[PDB]
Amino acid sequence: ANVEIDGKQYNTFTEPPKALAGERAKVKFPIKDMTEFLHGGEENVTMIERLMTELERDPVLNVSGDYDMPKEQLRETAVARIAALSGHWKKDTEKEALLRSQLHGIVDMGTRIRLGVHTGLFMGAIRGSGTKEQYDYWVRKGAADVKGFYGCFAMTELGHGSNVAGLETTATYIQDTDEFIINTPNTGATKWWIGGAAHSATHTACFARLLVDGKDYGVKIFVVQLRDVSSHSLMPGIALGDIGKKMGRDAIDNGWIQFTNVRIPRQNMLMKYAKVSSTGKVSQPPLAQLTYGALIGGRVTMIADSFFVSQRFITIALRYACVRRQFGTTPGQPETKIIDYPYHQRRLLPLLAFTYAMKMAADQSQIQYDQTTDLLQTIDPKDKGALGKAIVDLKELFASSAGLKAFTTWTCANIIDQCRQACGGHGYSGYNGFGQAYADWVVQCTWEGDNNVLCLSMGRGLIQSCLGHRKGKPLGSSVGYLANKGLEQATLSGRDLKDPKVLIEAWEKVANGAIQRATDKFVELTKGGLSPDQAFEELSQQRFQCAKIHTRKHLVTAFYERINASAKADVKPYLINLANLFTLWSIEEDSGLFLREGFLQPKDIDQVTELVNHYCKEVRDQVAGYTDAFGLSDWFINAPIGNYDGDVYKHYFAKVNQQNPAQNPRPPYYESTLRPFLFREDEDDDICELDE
């Protein structure tokens, strides 16, 4: 059958652009103001618009044909891509450069990192850990401009990743020559996963145990030249190779490295923090402005990346959903668009809410970090209690960072995966991006701190924060709710579940509950004679749960706080609608936490279910506005079913035929392989003669 809209008849092929226009027609807010909320104002929006257009327009950058590229071409084109991006280094501010590389990561996660290993990790190490004179030297050798020089970052070993303190590569001081000997003692200590090392890097920042006169001073950082710059040949004692095929991100040339008795000058050790004299005396000064703006910054960047990737796929799935019809139960009626189904709304709309929430947690973290850094600077008289609070605010920021990184990276993975399923078998088309994006994304969970290892540390960290509070230490701003003793007795008490203040309190309750009980058990177990370490091991599930509940509560809090703080009036009700869906959905997913603490009873879960259904419908009405608010052009979407105009089948059929021209019906292997098989001769079924 056929659909009639505005006096005209449509078919399965022609209806989609009309359906999606119909959705746009419902939008009650101006989209520009929703885009200002996501990116923190007008100035930021124009900047992002500028950067996005610069990327998309660049001919060498074009991602349109990347799905069909084998690894050798990904490897080659990433270099050409680097040469093009290299034009902006002269011009860009740090903020511009970071944001340009994150925007570009929406569609090319390989090139960004292949540059990134020099641009951030190697340059980060020489700037972060070298003296001014050491930095300036490497820059004169061409390291800032990537001129006859290309760095990489060699920390990970085949045997050690998470436990950096346990690296086995050694750097042995020899006084006679004033040198370090860099040595890989067994093949287990071979450097591993080193981006750029396989084919690109002339130098590395090598992490090795510092050994002077039989004393082990722990892991430090040494510049080791990997290749003769002139010929790209390996320096003496340097072995390295391409690690080969990865799940994803094949454009990056991750290599292994072995060092055998490689001689470097003492001066190649980076010495801002740890210093070694020409006589072999080792010093490690107090160095108070050690403040790891960088550590928080690295995590805030990844929390934002989770946003930047998620918005693409959630946009693809939702636009598809607005036009895709499957099934109906009316004789006279067309099949229902899947967006109209309440189950499908539950699959996608919370994740749309989740993606907005990811950005607010990145923004809230960067802002809390900025006010806390600014607060330290103002207080010269050093009112000590005040400084102590500013320090624990900063400490708890770093700690909260670990959970946010862990969960927003996992969540981004789940969204890519879910959005793919939501588009059915057309999810499995390489051109709709799900496959490649998922494969590329997933490493974010492993590198920059294993997600599970971060969650267990932060879970231990919360128990230590709670126990130190009980002993009279002040709590950092991020875990202040642990001091709130109104939560012991708190219950819903017939309050409104549509009120953000209530839903906030409910996440404070279950976080506090889990952490106080875990801290109590840790105390029973230590008194019982376990060491601190053995007690934390006994409480591995509880530490993980604490990390999880606290992070969830932080996402909820940051969403509401940022709405209250920065949302213009015309968008505010639609954001609260999003926020309530996020928050009530989250409650619904983890109903047990709420039952067990006694905040809700069996009947209140039913009500929560009804509210999630309700906000699903409120969010669904405005869905085109929420998704168009991301401001992604079709180039960033990079999937036919997700294009702005909504002509899902026309573009998809176009994309397939463009990349797969159909004029020849037989495969390249038809004569060689397929034809010989289909036309094979019959078996010889004679049997040998034998008398009798």
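Numbering starts at 1 and runs along the sequence shown.
J.: Test of understanding: from the entry's C-alpha B-factors, which stretch has the higher mean, 311-319 or 214-222?
T.: Stretch with the greater average CA B-factor: 214-222.
J.: Please compare 292-300 with 86-94 and say which has the higher mean C-alpha temperature factor in the record.
T.: In the deposited entry, the stretch with the higher C-alpha B-factor mean is 292-300.
J.: Using the entry's values, work out which of 583, 170, 421, 601 has the largest Cα B factor.
T.: The record points to 601.
J.: Looking at 374, 340, 417, 508, which has the highest Cα B-factor in the entry?
T.: Highest CA B-factor of the listed options: 374.
J.: Residue 568's Cα B-factor: lowest, middle or highest third of the chain?
T.: Within its chain, residue 568 is a highest-third residue by C-alpha B-factor, going by the deposited values.
J.: Going by the entry, which third of its chain does the Cα temperature factor of residue 435 land in?
T.: It falls in the bottom third of the chain.
J.: Would you mind checking where the Cα B-factor of residue 78 ranks among the modelled residues of its chain, as the lowest, middle or highest third?
T.: Answer is lowest: the recorded C-alpha B-factor places it there.
J.: Of the three thirds of its chain by CA temperature factor, lowest, middle or highest, which one includes residue 237?
T.: Lowest third, going by the recorded CA B-factors of the chain.
J.: How does residue 31 rank on Cα B-factor within its chain, lowest, middle or highest third?
T.: For residue 31, whose C-alpha B-factor we compare with every modelled residue in the chain, the answer is the highest third.
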